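One structure is given here, and the rest of the page talks about it.
The chains carry the letters A, B, C, D and E, assigned in the order they are written, with residues numbered from 1 in each.
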């Protein structure tokens, strides 16, 4: 119909009110921006750290040392069969000549078999699982102990149990911190929007006293909430990038010392769009809750 | 004279305003408290880590690999000689028999020393310095090279560095996080009080239009700020005391897995008292600035 | 002819016995040559099993020198701690393989014990043959007496 | 068509309130209700606007049971009853031209003629040449005239009033009385209330007297 | 004992309100200046209370130059000059009995004295009941009455009023005029001001004229 005039009037009124006394609006926008930037920054840092997830795993691999007499084709066959297990990531096959050099490098003793007729080092393989725990690893070792050609399985149980604890400690910390940050953001946005809505009461009273309707009294507050959300999103998206750029000056040195490039790249445009959309939606929901409270308080009873 | 009467009237008015609206003025009291948990938190966590000073040290230990044939009393004498020399913390000697026991504890390298006539294993000494740097520790190793009964020093220079670099990243991260949390705490505390104060820009005008002393218009707002500060402090104390108890359910397990017993201790009573006073002082400061804006634009002009 | 012919017959018998006596010195020389041959073999065999202590000491020192590593400084230094646990069982295999080498040295020691008990038996035989030469020495003393009558 | 049939309302904690008040059907003529206004008589006015549901009794003004009314359809009723209260409230920080003629925007009309309609409406009242000043800094009495004119800009089928010219200049009361009579000429039910005997003795009233929450007696054209 | 010596204030952008006006006022008499609020009468009223300084000229009120006055000395002056403006301003959500006793609470005085002074002020303003009633939810004029009373509870040496009458029944305004004359009798200077020519001849008083921001002359009982 011809109700677009309502939207036009609401939007121009919201812009006029927002552009008056700029500092009051700017401080609120900046507070919401920082409060939203915190959890988003944590999530982005976690995602960036996730790129190197292969190093955390593959640390406690179960050895499946074979017998001294083994056909090479049989070795590849057992490699393929172990690869078929649903609970294994990767399989390998180290050779005797490679094993000798591996022992020589770490041992530092150099010459080993001075007066020994033949090499007794048997062919060896490696197996890596998805998850690390004291029970699943023991169960998988028991499963692998009855293969056609296996004689030992040297898993260091004292270490594998420590690895499970040293990884579970990190998970709970992140979980609790995420919960706390989300709660803080929700409370801050809700309270700020509630205060701004409570500032205007006589308007609602007069509009409801005269013949009105819910939409015609609710629209301007929705527009104001949307504008505050967009402002907070823009402010937040222009500060997290600077923080990541400042922090990137130190991580590159450590990455170079390890001998690799792990530059902290941040704020892709998709993430910025998601952030601003989320801020707008949060403001829009907060405004609709705040208006609904006052509207319910004026029930005829 | 009349000071006490007005002061009591202001206190009673503030209490009536605070308790007059249950289910309201409590979300404010909770948001002003939870946002105080974040910056006051991570300070107890940092203190608890700093208490555990044996992990940052004793991680890059120079191994003074002593000669094969040396009398035990002479080795002990070298022990206190190193102990008194600076740039160290503790020096300990390991007996040959204890060395054999440690080597025999592993499944490998056993059931063969009995055939061997005597122990070839020489005593060792561990030395823990204070500073962790490439040049200083290299000079320390060079100075410890020239001793009458030392064979070789065993330390990895690539590991001497690459450890002073991981610490720097943590320091910079902690510094940035502290700055970011302090700024958001201050901004939230200021903004919420500003929003509450602005809703009463009619009492100030009437009080000033009639003859009114400067402190008479400021006192009730100061009380309103102080009460909110106290409530936020109490809530922050409770939330920290619960969250740290939640967290302490896993770190004790990891500490017990190794040979030690370390656990996160709860909030000390002195620290708790210092927390609930550090939140009251935001009142009488936030209020003293929120009312200072209306008090300067209503001045003659 | 009693002085001449009877003494000549005894001298001829003494010479016939002396032929086998020279033969037994010859076999004695052969036995002594093989005795020092076996003695040198035992000495060179006892030269072995000394490299046993040498190599065992080297491996023990190497194991102690790299057998003390907190695993948290292995993962953080790109030492790929997948190893340092395989090489523990590699050391177990090399210690059982050096135990097989030492079992070859136990073959050495048992062969030495056997080639010491039986070689002591050939020293008993050596005493017996010294005794039988002691029996086979009065022939020259007799020949000295019956030389005059010839 | 204002109809009452033994209505009675009681505050849960305030006081005892009103009891068993009834009237008959009517259309397009003046009808006083004020009688004696020793106690707060705004309860009836509030009850008309469906702001507070009655405690007891039944009533209907357009064939609708006000006792059973839903919040969804309540504002479709309050859209055609111009109402002026005693302690009138106005939208501060908004121009008087936009403050008045507010119901027109809810009703929905093209913008250009709203200006001429509101100009005629404000010209009907003696106030003029102050169509842009804020409600603040405006002299009292003129702003209550603005509040009165808020309920007259459009064309309502019913009009209400609490206490016009309760303490105003009696000379100025003639203008608003003429305005009420003129809007009655087109046909508008009026339930004006007041407390001045000399004025209420005129304009051919049909008043009723209420006291202690109940109708006392009938004073037909005194 | 106020003295005006060529005082005229200029808006930065709006217009000219006052221009070099000057007149003298003694202590024990009442002065009744006429003019127009939109022509600068309200600005002149605000000028005494030191809310805005004059742009040109010099000003004297009791022997102090209001052009250069410290901001820490204004409260020591404004607490002895009662004032009522044309439009009322009241403390919402504070009861009338408490809201009417602001000057006494500021001055500092035991509570029973405050109570009896307020009680004595209520019969002077002629309000008996609704003492504990809210400032809102009240009929018009009553707010203006309590605005009058706020300037009567204490004993100010000088009091200023702006159009206290002109829009009410004259018999009602008789009480306001009487209480103003009574507080004048005690020895309080009064500078009541209005633009109604009828009130000029009702009582004898040295009036003054103002138009277009300029003064013509001073006439006694025009």
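Just a few scattered comments:
Convention: contacts are C-beta pairs under 8 Å (C-beta built on N, C-alpha and C of every residue); 3 or more make two chains touch, one makes a residue touch a chain.
When every chain is reduced to the mean of its CA atoms, the largest separation from chain A belongs to C. Spacing of chain B relative to chain D, judged by their CA centroids, is 69 angstrom. Centre-to-centre separation between chain A and chain D, using Cα means, comes to 63 Å. Averaged C-alpha coordinates give centres for chain C and chain D that are 137 Å from one another. For chain E, no residue reaches two or more other chains under the stated contact definition. For chain C, the set of residues touching two or more other chains reads 65, 88-89, 98. Residue numbers of chain B whose C-beta contacts span two or more other chains: 162, 166. Shown are all chain pairs that touch, namely A-B, A-C, A-D, B-C, B-E, D-E. Across the complex, chain E meets chain D through its residues 37, 42, 86-88, 136-141, 144, 163, 166-169, 172.
Considering their complex, residues 50-53, 69, 71, 74-76, 78-81, 83, 89-92, 102-103, 105-106, 108, 111, 150 of chain D touch chain A.
The residues of chain B lying in touch with chain C in their complex are 59, 65, 99, 103, 106-113, 115-117, 120-122, 154, 156, 158-159, 162, 166. If you check the complex, the residues on chain B that touch chain A are 27-28, 30-31, 34-35, 37-38, 161-162, 165-166, 168-169, 172-173, 176, 180, 183-184, 187-188, 190-192, 194-196, 198-199, 243, 246-247, 250-251, 253-254, 257-258. Per the touch definition, chain C reaches chain A in the complex via residues 48, 51, 55, 58-59, 62, 65-66, 71, 75, 78, 81-90, 93-94, 96-98, 100-101.
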